[PDB]
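J.: Contents of model-v7.pdb (PDB, C-alpha atoms (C1' of nucleotides)) are below:
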```
ATOM      1  CA  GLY N  44       5.195 -72.361  92.586  1.00  0.00           C
ATOM      2  CA  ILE N  45       3.846 -69.345  90.710  1.00  0.00           C
ATOM      3  CA  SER N  46       1.919 -69.612  87.430  1.00  0.00           C
ATOM      4  CA  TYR N  47       1.237 -67.138  84.622  1.00  0.00           C
ATOM      5  CA  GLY N  48      -1.554 -67.762  82.117  1.00  0.00           C
ATOM      6  CA  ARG N  49      -5.350 -67.471  82.066  1.00  0.00           C
ATOM      7  CA  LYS N  50      -8.103 -68.599  79.679  1.00  0.00           C
ATOM      8  CA  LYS N  51      -9.649 -65.098  79.974  1.00  0.00           C
ATOM      9  CA  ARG N  52     -13.122 -66.564  79.389  1.00  0.00           C
ATOM     10  CA  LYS N  53     -16.524 -65.516  80.729  1.00  0.00           C
ATOM     11  CA  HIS N  54     -17.779 -67.108  83.961  1.00  0.00           C
ATOM     12  CA  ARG N  55     -21.377 -65.743  84.061  1.00  0.00           C
ATOM     13  CA  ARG N  56     -24.045 -67.410  81.882  1.00  0.00           C
ATOM     14  CA  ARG N  57     -26.951 -68.108  84.271  1.00  0.00           C
ATOM     15  CA  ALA N  58     -27.494 -64.542  85.512  1.00  0.00           C
ATOM     16  CA  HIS N  59     -30.589 -65.944  87.277  1.00  0.00           C
ATOM     17  CA  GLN N  60     -31.791 -67.923  90.294  1.00  0.00           C
TER      18      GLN N  60
ATOM     19  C1'   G Q   1     -45.291 -65.471 108.806  1.00  0.00           C
ATOM     20  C1'   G Q   2     -43.857 -70.413 106.354  1.00  0.00           C
ATOM     21  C1'   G Q   3     -43.562 -73.687 101.895  1.00  0.00           C
ATOM     22  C1'   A Q   4     -43.782 -74.544  96.453  1.00  0.00           C
ATOM     23  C1'   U Q   5     -43.455 -72.454  91.178  1.00  0.00           C
ATOM     24  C1'   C Q   6     -42.117 -68.405  87.933  1.00  0.00           C
ATOM     25  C1'   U Q   7     -39.364 -63.722  86.767  1.00  0.00           C
ATOM     26  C1'   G Q   8     -35.629 -59.977  87.434  1.00  0.00           C
ATOM     27  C1'   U Q   9     -30.855 -58.712  89.609  1.00  0.00           C
ATOM     28  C1'   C Q  10     -26.116 -59.835  91.906  1.00  0.00           C
ATOM     29  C1'   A Q  11     -21.499 -63.258  93.119  1.00  0.00           C
ATOM     30  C1'   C Q  12     -18.215 -67.680  91.323  1.00  0.00           C
ATOM     31  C1'   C Q  13     -15.987 -72.621  89.300  1.00  0.00           C
ATOM     32  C1'   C Q  14     -14.484 -76.081  84.663  1.00  0.00           C
ATOM     33  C1'   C Q  15     -13.324 -76.955  79.078  1.00  0.00           C
ATOM     34  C1'   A Q  16     -12.296 -74.765  73.942  1.00  0.00           C
ATOM     35  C1'   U Q  17      -7.254 -68.924  72.729  1.00  0.00           C
ATOM     36  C1'   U Q  18      -3.327 -73.435  70.513  1.00  0.00           C
ATOM     37  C1'   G Q  19     -10.534 -69.690  67.816  1.00  0.00           C
ATOM     38  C1'   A Q  20     -12.094 -63.861  67.214  1.00  0.00           C
ATOM     39  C1'   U Q  21     -12.205 -58.266  67.821  1.00  0.00           C
ATOM     40  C1'   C Q  22     -10.917 -53.103  69.731  1.00  0.00           C
ATOM     41  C1'   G Q  23      -7.496 -48.958  71.705  1.00  0.00           C
ATOM     42  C1'   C Q  24      -2.258 -46.490  72.426  1.00  0.00           C
ATOM     43  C1'   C Q  25       3.332 -45.783  71.179  1.00  0.00           C
ATOM     44  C1'   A Q  26       7.966 -47.009  67.326  1.00  0.00           C
ATOM     45  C1'   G Q  27       9.803 -51.408  61.971  1.00  0.00           C
ATOM     46  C1'   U Q  28      10.310 -56.843  63.941  1.00  0.00           C
ATOM     47  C1'   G Q  29       8.132 -55.035  69.793  1.00  0.00           C
ATOM     48  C1'   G Q  30       5.271 -54.019  74.318  1.00  0.00           C
ATOM     49  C1'   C Q  31       0.525 -53.588  77.232  1.00  0.00           C
ATOM     50  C1'   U Q  32      -5.728 -57.683  80.602  1.00  0.00           C
ATOM     51  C1'   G Q  33      -7.801 -53.309  79.937  1.00  0.00           C
ATOM     52  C1'   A Q  34     -12.504 -54.535  77.404  1.00  0.00           C
ATOM     53  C1'   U Q  35     -15.666 -57.328  74.204  1.00  0.00           C
ATOM     54  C1'   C Q  36     -17.761 -62.441  71.352  1.00  0.00           C
ATOM     55  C1'   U Q  37     -19.607 -67.661  70.591  1.00  0.00           C
ATOM     56  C1'   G Q  38     -20.690 -72.824  72.105  1.00  0.00           C
ATOM     57  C1'   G Q  39     -21.842 -76.588  76.539  1.00  0.00           C
ATOM     58  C1'   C Q  40     -27.609 -75.035  81.392  1.00  0.00           C
ATOM     59  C1'   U Q  41     -29.925 -81.803  78.366  1.00  0.00           C
ATOM     60  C1'   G Q  42     -22.511 -79.149  84.013  1.00  0.00           C
ATOM     61  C1'   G Q  43     -23.867 -76.791  89.381  1.00  0.00           C
ATOM     62  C1'   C Q  44     -29.820 -73.636  92.827  1.00  0.00           C
ATOM     63  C1'   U Q  45     -31.476 -82.067  96.059  1.00  0.00           C
ATOM     64  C1'   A Q  46     -24.768 -74.431  96.325  1.00  0.00           C
ATOM     65  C1'   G Q  47     -26.391 -68.661  98.302  1.00  0.00           C
ATOM     66  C1'   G Q  48     -29.181 -63.638  99.142  1.00  0.00           C
ATOM     67  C1'   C Q  49     -33.294 -60.124  98.070  1.00  0.00           C
ATOM     68  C1'   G Q  50     -37.986 -58.164  95.884  1.00  0.00           C
ATOM     69  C1'   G Q  51     -42.866 -58.927  93.367  1.00  0.00           C
ATOM     70  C1'   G Q  52     -47.194 -61.934  91.662  1.00  0.00           C
ATOM     71  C1'   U Q  53     -50.143 -66.414  92.340  1.00  0.00           C
ATOM     72  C1'   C Q  54     -51.685 -70.843  95.237  1.00  0.00           C
ATOM     73  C1'   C Q  55     -52.083 -73.297 100.016  1.00  0.00           C
ATOM     74  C1'   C Q  56     -52.111 -73.045 105.545  1.00  0.00           C
TER      75        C Q  56
END
```
Re-express the file's structure as structure tokens.

T.:
Amino acid sequence: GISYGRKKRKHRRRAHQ
RNA sequence: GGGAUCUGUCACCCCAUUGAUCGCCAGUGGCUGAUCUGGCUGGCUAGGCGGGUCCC
């Protein structure tokens, strides 16, 4: 089953160890 | 050479587009391409590399 639709939201907030 | 702490950089996941902004072509239309905020009191007792300091 295919699915179309994304939240299109950022996934990077840490940007650090 | 190892371990611990700190910093920088890089790669992802979840919730809120049903919230917000930009560009192009035509009147209703079409297009992820890019950007924004909040939760790090969600995950480093998930990963890699460099530098400084301490200890051996």

J.: Using only C-alpha atoms (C1' of nucleotides), determine which residues of chain Q fall within 8 Å of chain N; present them as a list in words.

T.: residues 8, 9, 12, 13, 17, 40 and 44 of chain Q

J.: I need the chosen residues saved as a PDB file, keeping the file's coordinate frame, with C-alpha atoms (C1' of nucleotides).

T.:
```pdb
ATOM      1  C1'   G Q   8     -35.629 -59.977  87.434  1.00  0.00           C
ATOM      2  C1'   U Q   9     -30.855 -58.712  89.609  1.00  0.00           C
ATOM      3  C1'   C Q  12     -18.215 -67.680  91.323  1.00  0.00           C
ATOM      4  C1'   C Q  13     -15.987 -72.621  89.300  1.00  0.00           C
ATOM      5  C1'   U Q  17      -7.254 -68.924  72.729  1.00  0.00           C
ATOM      6  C1'   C Q  40     -27.609 -75.035  81.392  1.00  0.00           C
ATOM      7  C1'   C Q  44     -29.820 -73.636  92.827  1.00  0.00           C
TER       8        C Q  44
END
```

J.: Rank Q:16, Q:21, Q:26, Q:56 by their smallest atom-to-atom distance to residue 39 of chain Q, using all atoms listed in the file, and report the top residue only.

T.: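 Closest residue, counting all atoms listed in the file: Q:16.
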
J.: Kindly provide, as JSON, the centre and edge lengths (Å, one decimal) of an axis-aligned box around all atoms of segment 8-23 of chain Q given in the file, with 8 Å on each side.

T.:
```
{"center_x": -19.5, "center_y": -63.0, "center_z": 80.2, "size_x": 48.3, "size_y": 44.0, "size_z": 41.9}
```

J.: Compare Q:20, Q:55, Q:14, Q:27 by their minimum atom-to-atom distance to residue 43 of chain Q, counting all atoms listed in the file, and give me the closest one.

T.: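 Result for the nearest residue to residue 43 of chain Q: Q:14.
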
J.: Q:23, Q:33, Q:42, Q:48: which is nearest residue 11 of chain Q, counting only C-alpha atoms (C1' of nucleotides)?

T.: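 Closest candidate: Q:48.
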
J.: What do you get, as a list in words, if you spell out every residue that the PyMOL selection byres ((chain Q and resi 53) around 10) selects here?

T.: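 That expression, the PyMOL selection byres ((chain Q and resi 53) around 10), corresponds here to residues 5, 6, 52 and 54 of chain Q.
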
J.: Between atom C1' of residue 37 of chain Q and atom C1' of residue 24 of chain Q, what is the distance in Å, rounded to a tenth?

T.: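 Separation between atom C1' of residue 37 of chain Q and atom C1' of residue 24 of chain Q: 27.4 Å.
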
J.: Between atom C1' of residue 1 of chain Q and atom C1' of residue 50 of chain Q, what distance in Å does the model show, to one decimal?

T.: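 Going from atom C1' of residue 1 of chain Q over to atom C1' of residue 50 of chain Q covers 16.5 Å.
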
J.: If you measure from atom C1' of residue 22 of chain Q to atom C1' of residue 38 of chain Q, what distance in Å do you get, rounded to one decimal?

T.: 22.1 Å
